[PDB]
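Pasting query.cif here (mmCIF, C-alpha atoms and all ligand atoms):
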data_model
loop_
_atom_site.label_atom_id
_atom_site.label_comp_id
_atom_site.auth_asym_id
_atom_site.auth_seq_id
_atom_site.Cartn_x
_atom_site.Cartn_y
_atom_site.Cartn_z
CA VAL R 186 0.00 0.00 0.00
CA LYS R 187 1.02 3.62 -0.58
CA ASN R 188 -1.45 6.40 0.21
CA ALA R 189 -0.56 9.62 -1.57
CA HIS R 190 -0.34 13.24 -0.46
CA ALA R 191 -2.08 16.17 -2.18
CA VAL R 192 -1.36 19.83 -3.00
CA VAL R 193 -4.06 21.50 -0.93
CA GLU R 194 -3.88 25.28 -0.93
CA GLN R 195 -3.33 27.53 2.09
CA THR R 196 -3.83 31.24 2.62
CA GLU R 197 -1.02 33.73 2.07
CA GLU R 198 0.14 34.04 5.69
CA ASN R 199 0.35 30.27 6.08
CA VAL R 200 3.35 29.82 3.76
CA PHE R 201 5.99 32.52 4.10
CA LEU R 202 8.87 33.06 1.71
CA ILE R 203 12.35 33.97 2.96
CA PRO R 204 14.57 35.33 0.15
CA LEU R 205 18.04 33.81 0.02
CA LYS R 206 20.95 35.82 -1.35
CA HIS R 207 23.72 33.85 -3.07
CA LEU R 208 26.81 35.44 -1.61
CA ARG R 209 30.03 35.54 -3.61
CA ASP R 210 31.49 33.03 -1.10
CA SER R 211 28.89 30.30 -1.90
CA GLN R 212 26.71 31.12 1.12
CA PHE R 213 22.94 30.94 0.62
CA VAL R 214 21.99 33.44 3.31
CA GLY R 215 18.67 34.82 4.47
CA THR R 216 17.49 37.34 7.07
CA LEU R 217 16.85 36.47 10.73
CA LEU R 218 15.84 38.77 13.60
CA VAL R 219 17.28 38.11 17.07
CA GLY R 220 16.34 39.70 20.38
CA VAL R 221 14.52 42.82 21.52
CA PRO R 222 15.32 45.35 20.14
CA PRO R 223 15.81 43.27 16.99
CA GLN R 224 19.33 42.44 15.88
CA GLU R 225 19.60 41.29 12.28
CA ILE R 226 21.81 38.33 11.39
CA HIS R 227 22.04 36.61 8.00
CA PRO R 228 22.39 32.87 8.66
CA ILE R 229 22.52 29.89 6.35
CA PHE R 230 19.46 27.65 6.32
CA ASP R 231 20.71 24.09 6.71
CA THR R 232 18.90 20.76 6.37
CA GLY R 233 22.01 18.94 7.63
CA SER R 234 22.03 20.21 11.24
CA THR R 235 19.32 21.04 13.77
CA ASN R 236 21.32 23.48 15.94
CA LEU R 237 20.61 27.22 15.83
CA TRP R 238 23.99 28.95 15.72
CA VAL R 239 24.40 32.72 16.01
CA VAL R 240 27.77 34.46 15.77
CA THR R 241 27.96 36.72 18.81
CA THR R 242 30.21 39.45 20.15
CA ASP R 243 31.71 36.89 22.55
CA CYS R 244 33.87 35.75 19.60
CA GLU R 245 36.73 38.23 19.16
CA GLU R 246 38.66 36.27 16.53
CA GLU R 247 39.64 37.73 13.17
CA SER R 248 37.01 35.87 11.14
CA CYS R 249 34.37 36.85 13.71
CA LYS R 250 34.85 40.64 13.74
CA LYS R 251 34.34 41.13 9.99
CA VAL R 252 30.64 40.18 10.21
CA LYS R 253 27.58 41.50 12.07
CA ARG R 254 28.12 39.91 15.48
CA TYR R 255 25.15 39.64 17.84
CA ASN R 256 25.57 41.40 21.20
CA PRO R 257 23.54 39.48 23.83
CA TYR R 258 24.12 42.20 26.44
CA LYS R 259 22.17 44.69 24.29
CA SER R 260 19.15 42.34 24.03
CA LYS R 261 16.29 42.63 26.52
CA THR R 262 14.90 39.15 25.80
CA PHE R 263 18.22 37.28 26.08
CA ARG R 264 18.37 35.19 29.24
CA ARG R 265 21.17 32.71 29.97
CA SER R 266 20.56 30.06 32.60
CA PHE R 267 22.15 30.02 36.05
CA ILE R 268 24.20 26.91 35.33
CA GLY R 269 25.31 27.85 31.79
CA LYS R 270 26.28 24.93 29.51
CA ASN R 271 28.85 24.79 26.68
CA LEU R 272 28.56 23.64 23.06
CA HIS R 273 30.96 21.78 20.74
CA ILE R 274 30.58 20.93 17.03
CA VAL R 275 33.32 19.36 14.86
CA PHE R 276 32.81 19.12 11.10
CA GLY R 277 35.12 18.30 8.21
CA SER R 278 36.89 21.55 7.37
CA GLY R 279 36.69 23.41 10.67
CA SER R 280 34.92 23.61 14.02
CA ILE R 281 32.52 25.79 16.01
CA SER R 282 32.33 26.36 19.76
CA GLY R 283 30.28 28.43 22.16
CA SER R 284 27.77 28.49 24.99
CA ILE R 285 24.00 27.95 25.08
CA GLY R 286 21.30 30.55 25.60
CA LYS R 287 17.59 31.12 25.09
CA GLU R 288 16.30 33.90 22.88
CA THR R 289 13.27 35.16 20.96
CA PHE R 290 13.64 35.04 17.17
CA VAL R 291 11.57 36.48 14.32
CA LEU R 292 11.72 34.59 11.02
CA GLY R 293 9.80 36.40 8.29
CA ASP R 294 7.21 38.20 10.47
CA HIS R 295 6.85 35.12 12.72
CA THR R 296 8.03 35.28 16.35
CA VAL R 297 9.45 32.39 18.39
CA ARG R 298 10.16 32.49 22.14
CA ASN R 299 12.26 30.42 24.57
CA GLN R 300 14.40 29.32 21.61
CA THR R 301 17.55 27.56 22.78
CA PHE R 302 20.53 28.43 20.61
CA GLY R 303 24.32 28.38 20.68
CA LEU R 304 26.40 31.55 20.84
CA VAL R 305 29.46 31.13 18.63
CA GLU R 306 32.58 32.08 20.59
CA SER R 307 35.47 30.42 18.72
CA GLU R 308 36.04 29.46 15.08
CA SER R 309 39.61 28.18 14.84
CA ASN R 310 40.28 24.77 13.36
CA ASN R 317 40.73 27.89 8.66
CA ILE R 318 37.61 27.73 6.49
CA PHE R 319 35.87 30.71 8.06
CA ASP R 320 38.51 32.96 6.51
CA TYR R 321 36.89 32.47 3.09
CA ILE R 322 33.34 33.10 4.34
CA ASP R 323 31.40 35.97 5.94
CA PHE R 324 29.70 33.57 8.34
CA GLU R 325 26.96 34.86 10.66
CA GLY R 326 25.00 31.82 11.85
CA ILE R 327 23.14 28.63 11.00
CA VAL R 328 19.43 27.88 11.12
CA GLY R 329 19.03 24.18 11.80
CA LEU R 330 16.44 22.31 9.73
CA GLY R 331 17.48 18.70 10.39
CA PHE R 332 15.62 16.35 12.70
CA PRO R 333 15.69 16.79 16.50
CA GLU R 334 17.89 13.73 17.13
CA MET R 335 20.73 15.79 15.61
CA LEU R 336 20.40 18.47 18.32
CA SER R 337 23.44 19.05 20.51
CA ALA R 338 21.55 21.03 23.17
CA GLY R 339 18.10 22.41 23.84
CA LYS R 340 14.70 20.86 24.43
CA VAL R 341 12.89 21.80 21.22
CA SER R 342 14.36 22.32 17.76
CA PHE R 343 13.93 25.81 16.32
CA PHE R 344 11.56 24.60 13.60
CA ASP R 345 9.55 22.52 16.07
CA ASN R 346 9.54 25.49 18.45
CA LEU R 347 8.39 27.83 15.68
CA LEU R 348 5.58 25.45 14.72
CA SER R 349 4.43 25.25 18.34
CA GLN R 350 4.10 29.04 18.69
CA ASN R 351 2.59 29.65 15.21
CA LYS R 352 -0.05 26.98 14.71
CA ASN R 353 -0.92 28.37 11.28
CA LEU R 354 2.26 26.88 9.87
CA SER R 355 2.13 23.29 8.66
CA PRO R 356 5.18 21.06 9.45
CA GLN R 357 6.92 21.50 6.12
CA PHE R 358 9.25 23.78 4.16
CA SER R 359 10.72 23.94 0.68
CA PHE R 360 13.69 25.31 -1.25
CA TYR R 361 13.89 26.84 -4.73
CA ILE R 362 17.53 27.40 -5.73
CA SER R 363 18.39 29.76 -8.60
CA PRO R 364 21.50 31.86 -7.91
CA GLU R 365 21.82 33.40 -11.39
CA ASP R 366 18.57 35.40 -11.31
CA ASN R 367 19.00 35.94 -7.54
CA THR R 368 15.40 34.83 -6.94
CA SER R 369 16.05 31.75 -4.77
CA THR R 370 13.54 31.56 -1.93
CA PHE R 371 13.02 29.57 1.28
CA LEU R 372 9.39 28.69 1.99
CA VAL R 373 8.18 27.69 5.47
CA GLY R 374 4.83 26.02 5.96
CA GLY R 375 4.26 24.67 2.47
CA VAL R 376 5.25 25.05 -1.16
CA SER R 377 4.51 27.40 -4.04
CA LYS R 378 3.28 26.01 -7.34
CA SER R 379 5.11 28.70 -9.35
CA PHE R 380 8.58 27.26 -8.56
CA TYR R 381 8.11 23.80 -10.10
CA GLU R 382 6.33 22.14 -13.00
CA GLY R 383 5.04 18.60 -13.35
CA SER R 384 4.22 16.23 -10.53
CA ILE R 385 5.84 16.03 -7.09
CA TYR R 386 7.32 12.66 -6.10
CA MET R 387 7.87 11.74 -2.45
CA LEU R 388 10.72 9.72 -0.96
CA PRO R 389 10.36 8.35 2.60
CA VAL R 390 12.97 9.27 5.20
CA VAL R 391 14.71 6.14 6.47
CA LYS R 392 16.42 7.71 9.50
CA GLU R 393 15.17 10.86 11.24
CA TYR R 394 18.68 12.24 11.67
CA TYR R 395 19.49 13.76 8.29
CA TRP R 396 16.85 14.09 5.60
CA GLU R 397 18.05 10.72 4.35
CA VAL R 398 16.49 8.37 1.79
CA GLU R 399 17.53 5.03 0.32
CA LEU R 400 19.76 5.27 -2.75
CA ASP R 401 19.57 2.38 -5.21
CA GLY R 402 22.20 3.43 -7.74
CA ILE R 403 24.25 6.16 -9.40
CA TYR R 404 25.13 6.19 -13.10
CA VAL R 405 27.48 8.62 -14.86
CA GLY R 406 26.38 8.00 -18.41
CA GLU R 407 26.37 4.19 -18.66
CA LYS R 408 28.95 3.43 -15.94
CA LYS R 409 27.65 2.21 -12.57
CA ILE R 410 29.45 4.12 -9.82
CA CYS R 411 27.18 2.71 -7.12
CA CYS R 412 25.66 0.73 -5.53
CA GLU R 413 27.00 -2.70 -4.60
CA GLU R 414 26.00 -2.26 -0.94
CA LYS R 415 22.93 -0.53 0.48
CA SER R 416 23.56 3.21 0.21
CA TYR R 417 21.59 6.33 1.03
CA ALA R 418 21.19 9.93 -0.10
CA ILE R 419 21.09 12.97 2.20
CA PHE R 420 19.31 16.18 1.20
CA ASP R 421 21.53 18.97 2.54
CA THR R 422 20.77 22.62 1.76
CA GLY R 423 23.95 23.64 3.63
CA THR R 424 26.25 22.47 0.84
CA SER R 425 26.82 23.62 -2.74
CA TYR R 426 28.39 20.39 -4.07
CA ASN R 427 27.15 16.85 -4.40
CA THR R 428 29.29 14.30 -2.60
CA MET R 429 30.23 10.62 -2.47
CA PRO R 430 32.21 8.58 0.04
CA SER R 431 35.98 8.34 -0.31
CA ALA R 432 35.98 5.18 -2.44
CA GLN R 433 33.38 6.05 -5.09
CA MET R 434 34.78 9.57 -5.50
CA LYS R 435 37.93 8.27 -7.22
CA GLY R 436 35.94 6.08 -9.62
CA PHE R 437 33.87 9.15 -10.52
CA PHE R 438 36.69 11.57 -11.37
CA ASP R 439 37.94 8.94 -13.84
CA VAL R 440 34.86 9.44 -16.07
CA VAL R 441 34.28 13.16 -15.50
CA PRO R 442 37.64 14.81 -14.72
CA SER R 443 38.49 18.47 -14.50
CA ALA R 444 40.24 20.16 -17.40
CA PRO R 445 41.08 23.64 -18.73
CA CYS R 446 38.14 25.21 -20.53
CA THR R 447 37.50 28.33 -22.59
CA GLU R 448 34.33 30.21 -23.48
CA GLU R 449 33.98 27.94 -26.52
CA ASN R 450 35.46 24.93 -24.74
CA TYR R 451 32.95 24.81 -21.88
CA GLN R 452 30.00 25.12 -24.27
CA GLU R 453 31.09 21.87 -25.93
CA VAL R 454 31.73 20.14 -22.60
CA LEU R 455 28.02 20.48 -21.82
CA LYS R 456 26.99 18.76 -25.04
CA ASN R 457 29.37 15.78 -24.91
CA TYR R 458 29.67 15.17 -21.14
CA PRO R 459 27.69 12.26 -19.68
CA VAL R 460 24.31 12.36 -17.98
CA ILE R 461 24.40 11.43 -14.29
CA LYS R 462 21.46 9.35 -13.08
CA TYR R 463 20.37 8.96 -9.45
CA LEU R 464 18.10 5.97 -8.87
CA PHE R 465 15.67 6.42 -5.97
CA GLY R 466 13.67 3.24 -6.32
CA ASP R 467 11.06 3.82 -9.00
CA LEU R 468 12.28 7.40 -9.54
CA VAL R 469 15.27 8.25 -11.74
CA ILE R 470 16.66 11.78 -11.34
CA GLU R 471 19.10 12.88 -14.03
CA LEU R 472 21.61 15.74 -14.00
CA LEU R 473 22.80 17.11 -17.33
CA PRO R 474 26.31 18.41 -18.07
CA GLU R 475 25.16 22.04 -18.00
CA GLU R 476 23.76 21.24 -14.54
CA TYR R 477 26.70 19.73 -12.60
CA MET R 478 29.62 21.28 -14.53
CA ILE R 479 31.02 24.62 -13.35
CA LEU R 480 33.52 26.96 -14.99
CA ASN R 481 36.19 28.43 -12.73
CA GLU R 482 39.36 30.25 -13.85
CA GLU R 483 39.07 28.74 -17.34
CA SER R 484 38.67 25.21 -15.98
CA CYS R 485 35.90 22.55 -16.10
CA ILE R 486 35.32 21.19 -12.59
CA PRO R 487 32.96 18.34 -11.84
CA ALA R 488 30.78 20.03 -9.19
CA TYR R 489 31.45 17.17 -6.75
CA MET R 490 33.58 16.83 -3.60
CA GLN R 491 34.59 14.07 -1.20
CA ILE R 492 32.73 13.71 2.11
CA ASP R 493 32.75 10.65 4.39
CA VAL R 494 29.58 10.76 6.48
CA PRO R 495 30.50 9.61 10.03
CA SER R 496 27.92 6.95 10.89
CA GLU R 497 27.25 5.71 7.33
CA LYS R 498 30.92 4.90 6.60
CA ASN R 499 31.26 4.86 2.81
CA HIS R 500 27.53 4.43 2.11
CA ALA R 501 26.22 8.03 2.27
CA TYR R 502 25.81 10.39 -0.70
CA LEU R 503 24.89 14.05 -0.24
CA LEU R 504 22.85 16.20 -2.63
CA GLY R 505 23.74 19.88 -2.55
CA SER R 506 22.26 23.21 -3.57
CA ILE R 507 24.18 23.98 -6.77
CA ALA R 508 24.48 20.49 -8.25
CA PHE R 509 20.89 19.39 -7.50
CA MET R 510 18.42 21.74 -5.79
CA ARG R 511 19.18 24.40 -8.41
CA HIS R 512 17.53 22.01 -10.89
CA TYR R 513 14.93 20.33 -8.65
CA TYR R 514 12.41 21.99 -6.35
CA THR R 515 12.66 20.15 -3.03
CA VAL R 516 9.97 19.86 -0.34
CA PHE R 517 10.39 18.55 3.20
CA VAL R 518 7.34 16.99 4.87
CA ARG R 519 7.75 16.17 8.56
CA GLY R 520 6.17 12.84 9.46
CA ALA R 521 4.68 11.87 12.81
CA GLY R 522 4.14 8.58 14.60
CA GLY R 523 3.55 5.88 12.02
CA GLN R 524 3.72 7.96 8.86
CA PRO R 525 7.30 8.86 7.87
CA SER R 526 8.90 12.13 6.89
CA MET R 527 9.46 12.52 3.18
CA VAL R 528 11.39 14.56 0.63
CA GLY R 529 9.56 15.78 -2.47
CA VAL R 530 11.46 16.43 -5.68
CA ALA R 531 10.16 18.04 -8.86
CA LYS R 532 11.55 19.95 -11.80
CA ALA R 533 12.32 23.54 -10.91
CA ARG R 534 10.19 25.85 -13.03
CA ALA R 535 13.09 28.35 -13.16
CA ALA R 536 10.79 31.30 -13.78
CA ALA R 537 9.57 34.31 -11.80
CA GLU R 538 5.79 33.85 -12.44
CA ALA R 539 3.95 35.40 -9.44
CA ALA R 540 4.27 33.37 -6.22
CA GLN R 541 1.38 35.03 -4.43
CA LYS R 542 -0.58 31.74 -4.43
CA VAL R 543 0.89 28.99 -2.24
CA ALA R 544 -0.19 25.51 -1.16
CA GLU R 545 0.84 22.69 1.18
CA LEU R 546 1.11 18.91 1.05
CA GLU R 547 -1.58 17.15 3.11
CA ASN R 548 -2.61 13.52 3.60
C1 LIG J 601 8.66 29.71 28.16
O1 LIG J 601 7.55 30.33 27.57
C2 LIG J 601 6.35 30.00 28.28
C3 LIG J 601 5.20 30.46 27.41
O2 LIG J 601 5.62 30.71 26.08
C4 LIG J 601 6.39 30.61 29.68
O3 LIG J 601 5.21 30.23 30.38
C5 LIG J 601 5.29 29.66 31.70
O4 LIG J 601 4.50 28.44 31.80
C6 LIG J 601 3.13 28.54 32.24
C7 LIG J 601 2.34 29.25 31.16
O5 LIG J 601 2.04 30.59 31.53
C8 LIG J 601 3.03 29.17 33.64
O6 LIG J 601 2.97 28.09 34.56
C9 LIG J 601 1.72 27.79 35.22
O7 LIG J 601 0.57 28.50 34.74
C10 LIG J 601 -0.65 27.95 35.32
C11 LIG J 601 -1.87 28.52 34.62
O8 LIG J 601 -2.96 27.64 34.88
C12 LIG J 601 -0.64 28.19 36.85
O9 LIG J 601 -1.80 27.62 37.44
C13 LIG J 601 0.63 27.57 37.48
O10 LIG J 601 0.68 27.84 38.88
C14 LIG J 601 1.89 28.05 36.76
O11 LIG J 601 1.99 29.44 37.03
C15 LIG J 601 4.28 29.97 33.99
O12 LIG J 601 3.92 30.95 34.96
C16 LIG J 601 4.87 30.67 32.77
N1 LIG J 601 5.93 31.60 33.15
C17 LIG J 601 6.82 31.45 34.15
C18 LIG J 601 7.81 32.57 34.30
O13 LIG J 601 6.86 30.47 34.88
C19 LIG J 601 7.67 30.19 30.42
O14 LIG J 601 7.88 31.02 31.56
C20 LIG J 601 8.91 30.33 29.54
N2 LIG J 601 10.11 29.77 30.18
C21 LIG J 601 10.23 29.23 31.41
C22 LIG J 601 11.61 28.75 31.76
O15 LIG J 601 9.30 29.11 32.20
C1 LIG J 602 28.58 24.13 7.60
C2 LIG J 602 28.46 23.52 9.00
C3 LIG J 602 27.38 24.21 9.79
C4 LIG J 602 27.96 22.08 8.86
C5 LIG J 602 27.54 21.54 10.22
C6 LIG J 602 29.11 21.26 8.29
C7 LIG J 602 28.61 19.96 7.74
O1 LIG J 602 29.08 18.89 8.11
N1 LIG J 602 27.57 20.02 6.82
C8 LIG J 602 27.55 19.12 5.63
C9 LIG J 602 27.61 17.65 6.02
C10 LIG J 602 26.44 16.97 6.38
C11 LIG J 602 26.49 15.63 6.72
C12 LIG J 602 27.68 14.94 6.71
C13 LIG J 602 28.84 15.60 6.37
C14 LIG J 602 28.81 16.95 6.03
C15 LIG J 602 28.58 19.55 4.59
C16 LIG J 602 28.98 18.70 3.57
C17 LIG J 602 30.00 19.07 2.71
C18 LIG J 602 30.62 20.30 2.83
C19 LIG J 602 30.20 21.19 3.81
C20 LIG J 602 30.79 22.56 3.88
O2 LIG J 602 32.00 22.73 3.95
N2 LIG J 602 29.92 23.58 3.84
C21 LIG J 602 30.34 24.96 3.58
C22 LIG J 602 29.57 25.50 2.38
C23 LIG J 602 30.16 25.82 4.82
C24 LIG J 602 29.06 26.66 4.96
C25 LIG J 602 28.90 27.44 6.09
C26 LIG J 602 29.84 27.39 7.10
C27 LIG J 602 30.94 26.57 6.97
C28 LIG J 602 31.10 25.79 5.84
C29 LIG J 602 29.19 20.80 4.69
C30 LIG J 602 26.58 21.01 6.98
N3 LIG J 602 25.42 21.12 6.32
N4 LIG J 602 26.82 21.96 7.93
#
Is it possible to give me this structure as structure tokens?
Amino acid sequence: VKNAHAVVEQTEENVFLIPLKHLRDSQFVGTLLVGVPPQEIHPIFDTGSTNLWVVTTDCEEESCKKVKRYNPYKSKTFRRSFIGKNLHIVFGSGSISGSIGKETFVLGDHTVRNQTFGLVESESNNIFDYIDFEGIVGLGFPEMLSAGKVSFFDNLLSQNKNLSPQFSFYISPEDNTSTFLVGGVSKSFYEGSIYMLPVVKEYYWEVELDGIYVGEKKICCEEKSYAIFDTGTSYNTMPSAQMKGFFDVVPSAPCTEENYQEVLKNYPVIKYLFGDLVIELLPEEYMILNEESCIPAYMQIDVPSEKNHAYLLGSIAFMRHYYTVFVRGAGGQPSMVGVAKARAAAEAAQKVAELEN
């Protein structure tokens, strides 16, 4: 059995759109209001972590002073607890450290109170030197939380009952019209039908991956593998092993204005097999031109718990071509990721809907 969802429509204030600016350092940043009086920070919206990070004035490092740091001692709603806790996060190309606090946030005219978040205090490992980093809005599942009782998204849903437990991304950096939608989807960002993929593990937005084909060559999968939908990354990824076998069929090379145009016509078509669904990426989709060079828009990432069996899907090499919806399950019914073709057009996204049933 498989009961379907449906695109039932909601009123305008039940799906709100957060514009995302594609910064010249590959950051997809939006606007977020912290404290009272409001202090504006521009965080990344991430479906690969649930923690709410805010760069504060308690970080006096060189990469911290260049951005709009948040000053908790100027906020009237900030209230640290008597027995303050500390926070530690280690990722691939750096690290983030700080303390925990509770604050009241406003995300696109919606207010959220008693929101536990981490105040960034240190950033030393070297990657934050290339980025004007100001915070992270966590959109992953609550099991991925390092501290706090309720996840920001869960906490926002609890205090604004008009919002349905779902959000969606439309990536289009060229036109600068990419938008983050909370509480549903907008029919003007995609065309065709929307296909759902059940979430296997409520840690990342993770679904079973049945295979990967670059043209006709099978890169994966000989052992059960999975795909993770991460809006915090620009590149698609593969584990350490399969990454080598990939760069042998699509390698980088010098390219000119008339050399890259031909690369897009002859380069293979990558196919991602999600059970019955087959999602293809064309050469003009995953190939990028940098300093007169043709780079496969892929990088190596070994997911910790999934060894060499986890493949990530990023913003520039996937979501830019496919409108993605996130539907939070509950109890028996699972959470699911919806993929459709991106309409890649302005249209007039005044009418918005949500996935029910
Ligand atoms: C977190 O925010 C909530 C609301 O967003 C704050 O509410 C606290 O919880 C309830 C709701 O007002 C209050 O507790 C009880 O209210 C009942 C009403 O029937 C009363 O009979 C009980 O004797 C008790 O007062 C509580 O007063 C309220 N505020 C405080 C300061 O306790 C909550 O305060 C926020 N954070 C924390 C840490 O409490
Ligand atoms: C960015 C951090 C908040 C974190 C916690 C770091 C992090 O592990 N991932 C995924 C991820 C998810 C699951 C398993 C492994 C990796 C990922 C993947 C690949 C590369 C990057 C990367 O270097 N991202 C650049 C763009 C960037 C952005 C903003 C700040 C720093 C760095 C990130 C996040 N989504 N977020």
Q: Find the residues near residue 333 in chain R: any atom within 12 Å, counting all atoms listed in the file, skip ones fewer than 6 places away on the same chain, and give them as a VMD selection string.
A: chain R and resid 232 to 237 339 to 346 392 to 396 519
Q: Determine the nearest neighbour of ligand LIG 601 (chain J) from the options R:301, R:424, R:196, R:242, counting only C-alpha atoms and all ligand atoms.
A: R:301
Considering all atoms listed in the file, return as a tab-separated table (two decimals) with C-alpha atoms, keeping the file's coordinate frame whatever protein or nucleic-acid residues lie within 8 Å of residue 293 in chain R, sequence-local ones (same chain, fewer than 5 positions apart) excluded.
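Wrote it out as around.tsv, contents follow:
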chain	number	residue	atom	x	y	z
R	201	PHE	CA	5.99	32.52	4.10
R	202	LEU	CA	8.87	33.06	1.71
R	203	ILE	CA	12.35	33.97	2.96
R	216	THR	CA	17.49	37.34	7.07
R	217	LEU	CA	16.85	36.47	10.73
Q: Select the residues contacting ligand LIG 602 (chain J) at a distance of at most 9 Å, based on only C-alpha atoms and all ligand atoms, then format the selection as JSON, numbers by chain.
A: {"R": [210, 211, 212, 213, 228, 229, 230, 231, 232, 233, 234, 235, 236, 238, 274, 275, 276, 277, 278, 279, 280, 281, 318, 319, 322, 323, 324, 325, 326, 327, 328, 329, 395, 419, 420, 421, 422, 423, 424, 425, 426, 427, 428, 490, 491, 492, 493, 494, 495, 501, 502, 503, 505]}
Close residues, residue 298 in chain R itself excluded, 7 Å, only C-alpha atoms, min 3 positions apart in chain, as a compact mmCIF listing (two decimals) with C-alpha atoms, in the frame of the given file:
# COMPACT_ATOMS: atom_id res chain seq x y z
CA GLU R 288 16.30 33.90 22.88
CA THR R 289 13.27 35.16 20.96
CA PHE R 290 13.64 35.04 17.17
(Q) Any residue with an atom at most 9 Å from ligand LIG 601 (chain J) counts, using all atoms listed in the file. Which are they? Put them as a VMD selection string. (A) chain R and resid 297 to 300 350
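Here CA of residue 321 in chain R and CA of residue 418 in chain R stand 27.7 Å from one another.
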Q: For residue 367 in chain R, work out the shell of residues within 7 Å, counting all atoms listed in the file and skipping chain neighbours fewer than 4 positions away, then give it as a PyMOL selection string.
A: chain R and resi 206-207+363
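When CA of residue 485 in chain R is paired with CA of residue 443 in chain R, their separation reads 5.1 Å.
Considering the residues R:362, R:390, R:540, R:189 and counting all atoms listed in the file, residue 512 in chain R has its shortest atom-to-atom contact with R:362.
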Q: Considering all atoms listed in the file, return as a PyMOL selection string whatever protein or nucleic-acid residues lie within 8 Å of range 469-477 of chain R, sequence-local ones (same chain, fewer than 2 positions apart) excluded.
A: chain R and resi 454-467+479+487-489+507-509+512
Q. So what do you get for CA of residue 198 in chain R versus CA of residue 548 in chain R, distance-wise?
A. 20.8 Å
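Candidate residues R:447, R:496, R:384, R:349 were compared for distance to residue 534 in chain R, and the nearest is R:384, using only C-alpha atoms.
With all atoms listed in the file as the atoms that count, the residue of R:245, R:308, R:545, R:448 with the shortest distance to residue 282 in chain R is R:308.
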Might I get the box with edges along x, y and z of the file that holds all atoms of range 357-373 of chain R listed there, padded by 8 Å on every side, given as centre and edge lengths in Å to one decimal, as AutoDock Vina command-line options?
--center_x 14.4 --center_y 28.7 --center_z -2.6 --size_x 30.9 --size_y 30.4 --size_z 33.5
Q: Give the answer as one residue: which of R:415, R:306, R:370, R:497 has the shortest atom-to-atom distance to residue 537 in chain R, using all atoms listed in the file?
A: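 Result for the nearest residue to residue 537 in chain R: R:370.
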Where atoms are absent from range 520-533 of chain R, fill them in so it carries N, CA and C atoms, then output it as a short mmCIF file (atom, residue, chain, number, x, y, z; two decimals), in the frame of the given file.
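Dumped everything to result_8.cif:
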data_model
loop_
_atom_site.label_atom_id
_atom_site.label_comp_id
_atom_site.auth_asym_id
_atom_site.auth_seq_id
_atom_site.Cartn_x
_atom_site.Cartn_y
_atom_site.Cartn_z
N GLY R 520 7.08 13.88 9.05
CA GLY R 520 6.17 12.84 9.46
C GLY R 520 5.82 12.95 10.93
N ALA R 521 5.11 11.93 11.41
CA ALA R 521 4.68 11.87 12.81
C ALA R 521 4.11 10.51 13.15
N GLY R 522 4.60 9.90 14.22
CA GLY R 522 4.14 8.58 14.60
C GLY R 522 4.42 7.55 13.53
N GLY R 523 3.36 6.94 13.00
CA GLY R 523 3.55 5.88 12.02
C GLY R 523 3.99 6.39 10.66
N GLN R 524 3.38 7.47 10.19
CA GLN R 524 3.72 7.96 8.86
C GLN R 524 5.11 8.59 8.89
N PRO R 525 5.92 8.37 7.86
CA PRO R 525 7.30 8.86 7.87
C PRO R 525 7.42 10.25 7.24
N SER R 526 8.55 10.89 7.56
CA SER R 526 8.90 12.13 6.89
C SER R 526 9.33 11.81 5.47
N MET R 527 9.18 12.79 4.58
CA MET R 527 9.46 12.52 3.18
C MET R 527 10.02 13.76 2.50
N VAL R 528 10.79 13.52 1.44
CA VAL R 528 11.39 14.56 0.63
C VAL R 528 10.72 14.53 -0.74
N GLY R 529 10.20 15.68 -1.17
CA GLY R 529 9.56 15.78 -2.47
C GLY R 529 10.46 16.49 -3.45
N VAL R 530 10.62 15.89 -4.62
CA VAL R 530 11.46 16.43 -5.68
C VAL R 530 10.60 16.64 -6.92
N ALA R 531 10.83 17.75 -7.60
CA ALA R 531 10.16 18.04 -8.86
C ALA R 531 11.09 18.90 -9.69
N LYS R 532 10.75 19.07 -10.96
CA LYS R 532 11.55 19.95 -11.80
C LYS R 532 11.37 21.38 -11.31
N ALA R 533 12.46 22.14 -11.26
CA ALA R 533 12.32 23.54 -10.91
C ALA R 533 11.77 24.27 -12.12
#
